[PDB]
2 protein chains.
Amino acid sequence: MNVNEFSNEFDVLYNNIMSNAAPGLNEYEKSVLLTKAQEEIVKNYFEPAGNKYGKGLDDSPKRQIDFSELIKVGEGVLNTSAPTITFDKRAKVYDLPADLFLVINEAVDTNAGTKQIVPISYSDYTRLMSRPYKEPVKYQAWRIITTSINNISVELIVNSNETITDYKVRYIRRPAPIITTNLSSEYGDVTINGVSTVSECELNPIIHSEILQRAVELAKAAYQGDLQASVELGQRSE
Amino acid sequence: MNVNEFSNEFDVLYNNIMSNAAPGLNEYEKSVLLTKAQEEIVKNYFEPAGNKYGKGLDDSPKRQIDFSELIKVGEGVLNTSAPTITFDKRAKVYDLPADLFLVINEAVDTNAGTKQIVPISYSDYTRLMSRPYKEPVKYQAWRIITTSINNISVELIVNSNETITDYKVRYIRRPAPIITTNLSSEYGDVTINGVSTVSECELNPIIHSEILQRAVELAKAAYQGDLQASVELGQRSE
């Protein structure tokens, strides 16, 4: 659905079947609600417990087609420019892509061979560093996040006696805003996420209906003005 | 089969087929279990009562070929370097090789010809020195272990008016550890028997599968962790 279809069809649902019976939303407000709705839909359909089916990213064909146009593969760049301090002796700091939303697969190409990266929690790190050897298994590497400035920096703790030659990251790209008009034309300097012009949906058409319905629900709740409605539909913001 | 194949097939037999797969083992853990299994298999197979067949070192072609790659022949060094207190006034002290696991044959070349060394027990020593003669039979010599520091020292008793020219010892060499990967680490160098570098199995490939099976059994016994498993699988340490 083009942006013009998202605006026209919001009023067949929010505005009492385009009857001007409900309050009436500007195009900036519709754009804001659509952007928030798409963020909510992505977050809910990612986590299995966030949706109504109990199914996550790759738990059904529908979920696979939902995130199909967000999945991106990018390389990490060595953060040798800044001589920071790492928590681990053998940690090579790598910076991740800027348009990163959620990581789902990471791999590192060493001289010994490719090794799947395990994002290791702060408890497992303390548990595995209390042992004699203190290295990953032969076919894996660890990863912990470190001091990050306006980006995402990750320490790659690969086994000693090995050098990192590559670092591939497969992640969900940050969705672009949904904007139904040139905001600068009538609204002075309002931006949704830094873009003031018409922005289409960068998602598969399968979830456009989901996003529009969530936007309509959010609009109706924000206008009913009840605290109860706001807190109830705020549950699904995550 | 090389160390890589030990580790790969160890994973295959341990956790790559099991239904509710357990955490994979670190290479230090795998090397430890392989070395322990190696020593256990050697000790089981040297003693007939230690294995189900009732067959010892040389009781079948398989048992010969098992230790074929572990047999070594050396010479004992006369221990006149420093003074010492021999239990028997007419015994010459000799030092065995450091890498000695088990003695299976000894022989001494005197001026009166070669003589097979019979390791006499302490009760046999007491019985034999109660007789009027107190010397070995024609074509043999007697032996008892004496004060040993850092290596076995040995007291040889030959007939009167006989000088020893050399003392050959057919023994079983101490098995070298099986280490899958260079255990060098920035957090601390760990060793199996004092060596951190990669170490292949220096025994015949006929028992490599045997060592792997014993390693898997020990791994699963450790995984269970109850006193029962440790007690019943410690019976085979010997």
# chains A, B, ... in the order shown; residues from 1 in each chain; ligands from 1
>>> interface_residues(of="chain B", to="chain A", cutoff="7 Å", atoms="only C-alpha atoms", output="PyMOL selection string")
chain B and resi 25-28+185-186+190
>>> closest_atom_pairs(of="segment 143-208 of chain A", to="segment 64-73 of chain A", cutoff="9 Å", atoms="only C-alpha atoms", output="CSV")
residue,atom,partner,partner_atom,distance
A:168,CA,A:73,CA,7.0
A:169,CA,A:73,CA,5.7
A:170,CA,A:73,CA,4.4
A:171,CA,A:72,CA,5.5
A:172,CA,A:71,CA,4.5
A:173,CA,A:70,CA,4.9
A:174,CA,A:70,CA,7.3
A:175,CA,A:70,CA,7.1
A:202,CA,A:69,CA,7.0
A:203,CA,A:69,CA,5.5
A:204,CA,A:69,CA,6.1
A:205,CA,A:66,CA,8.5
A:206,CA,A:66,CA,6.6
A:207,CA,A:66,CA,6.4
>>> calpha_fit_rmsd(fixed="chain B", moving="chain A")
1.2 Å
>>> residues_around(residues="residue 43 of chain A", least_positions_apart="5", cutoff="12 Å", atoms="only C-alpha atoms", output="list in words")
residues 36, 37, 38, 48, 49, 50, 51, 56, 57, 66, 67, 101, 102, 172, 174, 175, 211, 235, 236, 237 and 238 of chain A
>>> select_by_dssp(residues="segment 70-108 of chain B", states="strand (DSSP E or B)", output="JSON list (two decimals) with N, CA, C and O atoms, in the first residue's frame")
[["chain", "number", "residue", "atom", "x", "y", "z"],
["B", 71, "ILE", "N", 56.37, -50.03, 23.37],
["B", 71, "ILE", "CA", 57.50, -50.74, 23.94],
["B", 71, "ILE", "C", 58.77, -49.97, 23.62],
["B", 71, "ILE", "O", 58.94, -49.45, 22.52],
["B", 72, "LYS", "N", 59.68, -49.90, 24.60],
["B", 72, "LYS", "CA", 60.95, -49.23, 24.43],
["B", 72, "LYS", "C", 62.03, -50.01, 25.17],
["B", 72, "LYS", "O", 61.76, -50.65, 26.19],
["B", 73, "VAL", "N", 63.25, -49.94, 24.65],
["B", 73, "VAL", "CA", 64.41, -50.60, 25.23],
["B", 73, "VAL", "C", 65.46, -49.54, 25.52],
["B", 73, "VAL", "O", 65.82, -48.75, 24.63],
["B", 74, "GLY", "N", 65.93, -49.50, 26.76],
["B", 74, "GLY", "CA", 66.96, -48.56, 27.17],
["B", 74, "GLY", "C", 68.03, -49.25, 27.99],
["B", 74, "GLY", "O", 68.14, -50.48, 27.96],
["B", 75, "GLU", "N", 68.83, -48.47, 28.71],
["B", 75, "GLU", "CA", 69.87, -49.00, 29.58],
["B", 75, "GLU", "C", 69.84, -48.26, 30.91],
["B", 75, "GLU", "O", 69.54, -47.07, 30.96],
["B", 77, "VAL", "N", 71.68, -46.62, 34.09],
["B", 77, "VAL", "CA", 72.92, -45.90, 34.35],
["B", 77, "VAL", "C", 73.42, -46.28, 35.74],
["B", 77, "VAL", "O", 72.67, -46.22, 36.71],
["B", 78, "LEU", "N", 74.69, -46.67, 35.82],
["B", 78, "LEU", "CA", 75.29, -46.98, 37.11],
["B", 78, "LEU", "C", 75.24, -45.76, 38.02],
["B", 78, "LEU", "O", 75.63, -44.66, 37.62],
["B", 92, "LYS", "N", 74.84, -53.52, 43.28],
["B", 92, "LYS", "CA", 75.22, -52.34, 42.50],
["B", 92, "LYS", "C", 73.96, -51.57, 42.13],
["B", 92, "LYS", "O", 73.00, -52.15, 41.61],
["B", 93, "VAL", "N", 73.96, -50.27, 42.41],
["B", 93, "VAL", "CA", 72.79, -49.43, 42.20],
["B", 93, "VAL", "C", 72.78, -48.92, 40.77],
["B", 93, "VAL", "O", 73.81, -48.46, 40.26],
["B", 94, "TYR", "N", 71.62, -49.00, 40.12],
["B", 94, "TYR", "CA", 71.43, -48.55, 38.75],
["B", 94, "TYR", "C", 70.16, -47.72, 38.67],
["B", 94, "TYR", "O", 69.19, -47.98, 39.38],
["B", 95, "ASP", "N", 70.17, -46.72, 37.79],
["B", 95, "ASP", "CA", 69.05, -45.80, 37.62],
["B", 95, "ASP", "C", 68.33, -46.11, 36.31],
["B", 95, "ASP", "O", 68.95, -46.16, 35.25],
["B", 100, "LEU", "N", 59.60, -44.24, 32.27],
["B", 100, "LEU", "CA", 59.33, -45.65, 32.49],
["B", 100, "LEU", "C", 57.94, -45.81, 33.09],
["B", 100, "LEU", "O", 57.62, -45.18, 34.10],
["B", 101, "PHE", "N", 57.13, -46.66, 32.46],
["B", 101, "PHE", "CA", 55.77, -46.94, 32.91],
["B", 101, "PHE", "C", 55.66, -48.32, 33.55],
["B", 101, "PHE", "O", 55.09, -48.45, 34.64],
["B", 102, "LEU", "N", 56.20, -49.35, 32.90],
["B", 102, "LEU", "CA", 56.18, -50.70, 33.44],
["B", 102, "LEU", "C", 57.38, -51.45, 32.88],
["B", 102, "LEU", "O", 57.74, -51.29, 31.72],
["B", 103, "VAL", "N", 58.00, -52.28, 33.73],
["B", 103, "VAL", "CA", 59.11, -53.13, 33.33],
["B", 103, "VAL", "C", 58.56, -54.52, 33.03],
["B", 103, "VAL", "O", 57.83, -55.09, 33.84],
["B", 104, "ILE", "N", 58.92, -55.06, 31.86],
["B", 104, "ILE", "CA", 58.41, -56.35, 31.42],
["B", 104, "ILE", "C", 59.56, -57.33, 31.21],
["B", 104, "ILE", "O", 59.38, -58.54, 31.31],
["B", 105, "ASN", "N", 60.75, -56.81, 30.91],
["B", 105, "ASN", "CA", 61.92, -57.65, 30.75],
["B", 105, "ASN", "C", 63.16, -56.86, 31.11],
["B", 105, "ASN", "O", 63.29, -55.69, 30.75],
["B", 106, "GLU", "N", 64.07, -57.51, 31.83],
["B", 106, "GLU", "CA", 65.37, -56.94, 32.15],
["B", 106, "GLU", "C", 66.44, -58.00, 31.92],
["B", 106, "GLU", "O", 66.17, -59.20, 32.00],
["B", 107, "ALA", "N", 67.65, -57.55, 31.63],
["B", 107, "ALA", "CA", 68.77, -58.45, 31.42],
["B", 107, "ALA", "C", 70.06, -57.69, 31.71],
["B", 107, "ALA", "O", 70.14, -56.48, 31.48],
["B", 108, "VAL", "N", 71.05, -58.41, 32.21],
["B", 108, "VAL", "CA", 72.35, -57.85, 32.56],
["B", 108, "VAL", "C", 73.43, -58.66, 31.88],
["B", 108, "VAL", "O", 73.38, -59.90, 31.88]]
>>> atom_distance(atom1="atom CA of residue 177 of chain A", atom2="atom CA of residue 8 of chain A")
17.5 Å
>>> closest_residue(among="A:18, A:82, A:201, A:164", to="residue 4 of chain A", atoms="only C-alpha atoms")
A:201
>>> select_by_dssp(residues="segment 25-100 of chain A", states="alpha helix (DSSP H)", output="PyMOL selection string")
chain A and resi 27-46+61-66
>>> write_last_selection(atoms="N, CA and C atoms", output="PDB file, in the first residue's frame")
ATOM      1  N   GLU A  27      -2.167  14.877   8.993  1.00  0.00           N
ATOM      2  CA  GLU A  27      -1.299  13.906   8.343  1.00  0.00           C
ATOM      3  C   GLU A  27      -0.021  13.677   9.140  1.00  0.00           C
ATOM      4  N   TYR A  28       0.440  14.685   9.884  1.00  0.00           N
ATOM      5  CA  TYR A  28       1.586  14.482  10.763  1.00  0.00           C
ATOM      6  C   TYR A  28       1.259  13.491  11.871  1.00  0.00           C
ATOM      7  N   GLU A  29       0.081  13.627  12.481  1.00  0.00           N
ATOM      8  CA  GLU A  29      -0.321  12.693  13.524  1.00  0.00           C
ATOM      9  C   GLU A  29      -0.486  11.285  12.970  1.00  0.00           C
ATOM     10  N   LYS A  30      -1.051  11.159  11.771  1.00  0.00           N
ATOM     11  CA  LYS A  30      -1.178   9.841  11.166  1.00  0.00           C
ATOM     12  C   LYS A  30       0.192   9.240  10.881  1.00  0.00           C
ATOM     13  N   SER A  31       1.139  10.057  10.417  1.00  0.00           N
ATOM     14  CA  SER A  31       2.489   9.559  10.176  1.00  0.00           C
ATOM     15  C   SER A  31       3.144   9.092  11.470  1.00  0.00           C
ATOM     16  N   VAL A  32       2.992   9.873  12.541  1.00  0.00           N
ATOM     17  CA  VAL A  32       3.580   9.507  13.827  1.00  0.00           C
ATOM     18  C   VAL A  32       2.992   8.192  14.317  1.00  0.00           C
ATOM     19  N   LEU A  33       1.667   8.062  14.236  1.00  0.00           N
ATOM     20  CA  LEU A  33       1.020   6.849  14.716  1.00  0.00           C
ATOM     21  C   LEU A  33       1.395   5.647  13.862  1.00  0.00           C
ATOM     22  N   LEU A  34       1.544   5.832  12.549  1.00  0.00           N
ATOM     23  CA  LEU A  34       1.964   4.723  11.698  1.00  0.00           C
ATOM     24  C   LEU A  34       3.387   4.283  12.019  1.00  0.00           C
ATOM     25  N   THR A  35       4.291   5.236  12.250  1.00  0.00           N
ATOM     26  CA  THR A  35       5.659   4.874  12.609  1.00  0.00           C
ATOM     27  C   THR A  35       5.688   4.108  13.927  1.00  0.00           C
ATOM     28  N   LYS A  36       4.965   4.612  14.929  1.00  0.00           N
ATOM     29  CA  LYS A  36       4.910   3.920  16.209  1.00  0.00           C
ATOM     30  C   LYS A  36       4.291   2.538  16.050  1.00  0.00           C
ATOM     31  N   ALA A  37       3.253   2.426  15.219  1.00  0.00           N
ATOM     32  CA  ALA A  37       2.596   1.145  15.013  1.00  0.00           C
ATOM     33  C   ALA A  37       3.531   0.140  14.362  1.00  0.00           C
ATOM     34  N   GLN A  38       4.330   0.574  13.384  1.00  0.00           N
ATOM     35  CA  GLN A  38       5.238  -0.373  12.744  1.00  0.00           C
ATOM     36  C   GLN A  38       6.340  -0.807  13.702  1.00  0.00           C
ATOM     37  N   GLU A  39       6.851   0.116  14.524  1.00  0.00           N
ATOM     38  CA  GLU A  39       7.822  -0.297  15.536  1.00  0.00           C
ATOM     39  C   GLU A  39       7.211  -1.318  16.489  1.00  0.00           C
ATOM     40  N   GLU A  40       5.981  -1.064  16.942  1.00  0.00           N
ATOM     41  CA  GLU A  40       5.314  -1.994  17.845  1.00  0.00           C
ATOM     42  C   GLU A  40       5.106  -3.349  17.187  1.00  0.00           C
ATOM     43  N   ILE A  41       4.686  -3.357  15.921  1.00  0.00           N
ATOM     44  CA  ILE A  41       4.425  -4.615  15.228  1.00  0.00           C
ATOM     45  C   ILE A  41       5.710  -5.414  15.082  1.00  0.00           C
ATOM     46  N   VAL A  42       6.802  -4.748  14.706  1.00  0.00           N
ATOM     47  CA  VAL A  42       8.083  -5.440  14.587  1.00  0.00           C
ATOM     48  C   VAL A  42       8.473  -6.053  15.926  1.00  0.00           C
ATOM     49  N   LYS A  43       8.396  -5.262  16.998  1.00  0.00           N
ATOM     50  CA  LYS A  43       8.819  -5.763  18.302  1.00  0.00           C
ATOM     51  C   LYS A  43       7.940  -6.917  18.768  1.00  0.00           C
ATOM     52  N   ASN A  44       6.632  -6.841  18.516  1.00  0.00           N
ATOM     53  CA  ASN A  44       5.733  -7.889  18.985  1.00  0.00           C
ATOM     54  C   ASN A  44       5.908  -9.171  18.185  1.00  0.00           C
ATOM     55  N   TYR A  45       6.029  -9.066  16.861  1.00  0.00           N
ATOM     56  CA  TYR A  45       6.161 -10.255  16.035  1.00  0.00           C
ATOM     57  C   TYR A  45       7.556 -10.856  16.102  1.00  0.00           C
ATOM     58  N   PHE A  46       8.546 -10.113  16.602  1.00  0.00           N
ATOM     59  CA  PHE A  46       9.850 -10.716  16.849  1.00  0.00           C
ATOM     60  C   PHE A  46       9.799 -11.640  18.059  1.00  0.00           C
ATOM     61  N   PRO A  61       5.859 -19.816   8.401  1.00  0.00           N
ATOM     62  CA  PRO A  61       6.120 -19.142   7.117  1.00  0.00           C
ATOM     63  C   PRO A  61       5.714 -17.680   7.123  1.00  0.00           C
ATOM     64  N   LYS A  62       4.607 -17.355   7.792  1.00  0.00           N
ATOM     65  CA  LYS A  62       4.156 -15.970   7.847  1.00  0.00           C
ATOM     66  C   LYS A  62       5.197 -15.082   8.506  1.00  0.00           C
ATOM     67  N   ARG A  63       5.771 -15.534   9.622  1.00  0.00           N
ATOM     68  CA  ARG A  63       6.802 -14.747  10.287  1.00  0.00           C
ATOM     69  C   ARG A  63       8.039 -14.599   9.416  1.00  0.00           C
ATOM     70  N   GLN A  64       8.380 -15.632   8.644  1.00  0.00           N
ATOM     71  CA  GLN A  64       9.533 -15.534   7.756  1.00  0.00           C
ATOM     72  C   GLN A  64       9.304 -14.491   6.673  1.00  0.00           C
ATOM     73  N   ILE A  65       8.092 -14.428   6.120  1.00  0.00           N
ATOM     74  CA  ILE A  65       7.801 -13.397   5.126  1.00  0.00           C
ATOM     75  C   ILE A  65       7.610 -12.021   5.755  1.00  0.00           C
ATOM     76  N   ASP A  66       7.272 -11.948   7.045  1.00  0.00           N
ATOM     77  CA  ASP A  66       7.068 -10.650   7.682  1.00  0.00           C
ATOM     78  C   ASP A  66       8.363  -9.849   7.722  1.00  0.00           C
TER      79      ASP A  66
END
>>> atom_distance(atom1="atom CA of residue 163 of chain B", atom2="atom CA of residue 83 of chain B")
19.0 Å
>>> atom_distance(atom1="atom CA of residue 212 of chain A", atom2="atom CA of residue 98 of chain A")
27.3 Å
>>> decode(residues="segment 183-210 of chain B", atoms="N, CA, C and O atoms", output="mmCIF file, in the first residue's frame")
data_model
loop_
_atom_site.group_PDB
_atom_site.id
_atom_site.type_symbol
_atom_site.label_atom_id
_atom_site.label_comp_id
_atom_site.auth_asym_id
_atom_site.auth_seq_id
_atom_site.Cartn_x
_atom_site.Cartn_y
_atom_site.Cartn_z
ATOM 1 N N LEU B 183 47.113 -25.339 23.945
ATOM 2 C CA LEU B 183 46.467 -24.871 25.165
ATOM 3 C C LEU B 183 47.036 -23.552 25.670
ATOM 4 O O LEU B 183 46.666 -23.123 26.767
ATOM 5 N N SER B 184 47.921 -22.907 24.916
ATOM 6 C CA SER B 184 48.407 -21.595 25.313
ATOM 7 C C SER B 184 47.252 -20.604 25.356
ATOM 8 O O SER B 184 46.404 -20.572 24.462
ATOM 9 N N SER B 185 47.220 -19.799 26.414
ATOM 10 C CA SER B 185 46.173 -18.807 26.594
ATOM 11 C C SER B 185 46.773 -17.580 27.258
ATOM 12 O O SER B 185 47.766 -17.673 27.984
ATOM 13 N N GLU B 186 46.159 -16.421 27.003
ATOM 14 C CA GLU B 186 46.604 -15.203 27.671
ATOM 15 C C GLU B 186 46.237 -15.213 29.147
ATOM 16 O O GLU B 186 46.926 -14.589 29.961
ATOM 17 N N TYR B 187 45.165 -15.916 29.511
ATOM 18 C CA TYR B 187 44.710 -15.963 30.893
ATOM 19 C C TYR B 187 45.457 -16.988 31.735
ATOM 20 O O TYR B 187 45.238 -17.040 32.950
ATOM 21 N N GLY B 188 46.330 -17.790 31.131
ATOM 22 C CA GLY B 188 47.074 -18.800 31.856
ATOM 23 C C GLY B 188 47.269 -20.051 31.029
ATOM 24 O O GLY B 188 46.315 -20.564 30.440
ATOM 25 N N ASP B 189 48.498 -20.555 30.979
ATOM 26 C CA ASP B 189 48.806 -21.734 30.182
ATOM 27 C C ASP B 189 48.494 -22.985 30.993
ATOM 28 O O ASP B 189 49.092 -23.210 32.052
ATOM 29 N N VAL B 190 47.564 -23.797 30.498
ATOM 30 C CA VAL B 190 47.173 -25.040 31.152
ATOM 31 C C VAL B 190 47.848 -26.193 30.424
ATOM 32 O O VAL B 190 48.053 -26.152 29.206
ATOM 33 N N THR B 191 48.198 -27.233 31.179
ATOM 34 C CA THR B 191 48.927 -28.376 30.650
ATOM 35 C C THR B 191 48.288 -29.663 31.147
ATOM 36 O O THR B 191 47.659 -29.692 32.207
ATOM 37 N N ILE B 192 48.455 -30.729 30.368
ATOM 38 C CA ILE B 192 47.929 -32.039 30.739
ATOM 39 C C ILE B 192 48.944 -32.827 31.555
ATOM 40 O O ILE B 192 48.636 -33.311 32.648
ATOM 41 N N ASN B 193 50.164 -32.972 31.039
ATOM 42 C CA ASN B 193 51.277 -33.568 31.773
ATOM 43 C C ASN B 193 52.530 -32.730 31.575
ATOM 44 O O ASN B 193 53.628 -33.255 31.367
ATOM 45 N N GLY B 194 52.376 -31.411 31.631
ATOM 46 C CA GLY B 194 53.489 -30.498 31.487
ATOM 47 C C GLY B 194 53.732 -29.990 30.085
ATOM 48 O O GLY B 194 54.716 -29.270 29.872
ATOM 49 N N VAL B 195 52.877 -30.335 29.124
ATOM 50 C CA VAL B 195 53.011 -29.883 27.744
ATOM 51 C C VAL B 195 51.693 -29.257 27.314
ATOM 52 O O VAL B 195 50.628 -29.858 27.487
ATOM 53 N N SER B 196 51.769 -28.047 26.757
ATOM 54 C CA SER B 196 50.594 -27.328 26.285
ATOM 55 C C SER B 196 50.391 -27.427 24.779
ATOM 56 O O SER B 196 49.287 -27.143 24.301
ATOM 57 N N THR B 197 51.415 -27.820 24.028
ATOM 58 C CA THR B 197 51.299 -27.895 22.581
ATOM 59 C C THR B 197 50.430 -29.083 22.176
ATOM 60 O O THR B 197 50.081 -29.944 22.987
ATOM 61 N N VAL B 198 50.071 -29.114 20.890
ATOM 62 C CA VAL B 198 49.314 -30.239 20.359
ATOM 63 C C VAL B 198 50.143 -31.507 20.489
ATOM 64 O O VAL B 198 51.349 -31.517 20.209
ATOM 65 N N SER B 199 49.495 -32.587 20.919
ATOM 66 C CA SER B 199 50.158 -33.868 21.129
ATOM 67 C C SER B 199 49.274 -34.970 20.571
ATOM 68 O O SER B 199 48.151 -35.165 21.044
ATOM 69 N N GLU B 200 49.779 -35.680 19.570
ATOM 70 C CA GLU B 200 49.048 -36.779 18.964
ATOM 71 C C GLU B 200 49.099 -38.014 19.857
ATOM 72 O O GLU B 200 49.938 -38.134 20.753
ATOM 73 N N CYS B 201 48.177 -38.937 19.602
ATOM 74 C CA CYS B 201 48.196 -40.225 20.280
ATOM 75 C C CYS B 201 49.341 -41.066 19.728
ATOM 76 O O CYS B 201 49.315 -41.473 18.562
ATOM 77 N N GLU B 202 50.345 -41.333 20.565
ATOM 78 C CA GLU B 202 51.555 -42.021 20.137
ATOM 79 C C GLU B 202 51.434 -43.539 20.203
ATOM 80 O O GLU B 202 52.458 -44.230 20.238
ATOM 81 N N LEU B 203 50.217 -44.072 20.221
ATOM 82 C CA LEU B 203 49.971 -45.505 20.255
ATOM 83 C C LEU B 203 49.381 -45.951 18.921
ATOM 84 O O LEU B 203 49.106 -45.144 18.031
ATOM 85 N N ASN B 204 49.207 -47.262 18.784
ATOM 86 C CA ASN B 204 48.756 -47.827 17.526
ATOM 87 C C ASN B 204 47.325 -47.360 17.245
ATOM 88 O O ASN B 204 46.531 -47.198 18.175
ATOM 89 N N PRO B 205 46.954 -47.138 15.975
ATOM 90 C CA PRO B 205 45.553 -46.783 15.693
ATOM 91 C C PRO B 205 44.549 -47.884 15.999
ATOM 92 O O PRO B 205 43.343 -47.639 15.872
ATOM 93 N N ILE B 206 44.994 -49.077 16.393
ATOM 94 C CA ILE B 206 44.056 -50.144 16.719
ATOM 95 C C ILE B 206 43.231 -49.795 17.955
ATOM 96 O O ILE B 206 42.084 -50.241 18.082
ATOM 97 N N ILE B 207 43.786 -49.006 18.876
ATOM 98 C CA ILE B 207 43.130 -48.674 20.138
ATOM 99 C C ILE B 207 42.679 -47.219 20.192
ATOM 100 O O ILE B 207 42.257 -46.748 21.252
ATOM 101 N N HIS B 208 42.766 -46.481 19.084
ATOM 102 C CA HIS B 208 42.282 -45.106 19.102
ATOM 103 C C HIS B 208 40.775 -45.058 19.316
ATOM 104 O O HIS B 208 40.277 -44.241 20.101
ATOM 105 N N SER B 209 40.035 -45.938 18.641
ATOM 106 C CA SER B 209 38.598 -46.022 18.871
ATOM 107 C C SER B 209 38.307 -46.425 20.307
ATOM 108 O O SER B 209 37.335 -45.959 20.911
ATOM 109 N N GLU B 210 39.144 -47.297 20.867
ATOM 110 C CA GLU B 210 38.959 -47.742 22.241
ATOM 111 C C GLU B 210 39.109 -46.572 23.205
ATOM 112 O O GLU B 210 38.293 -46.380 24.118
#
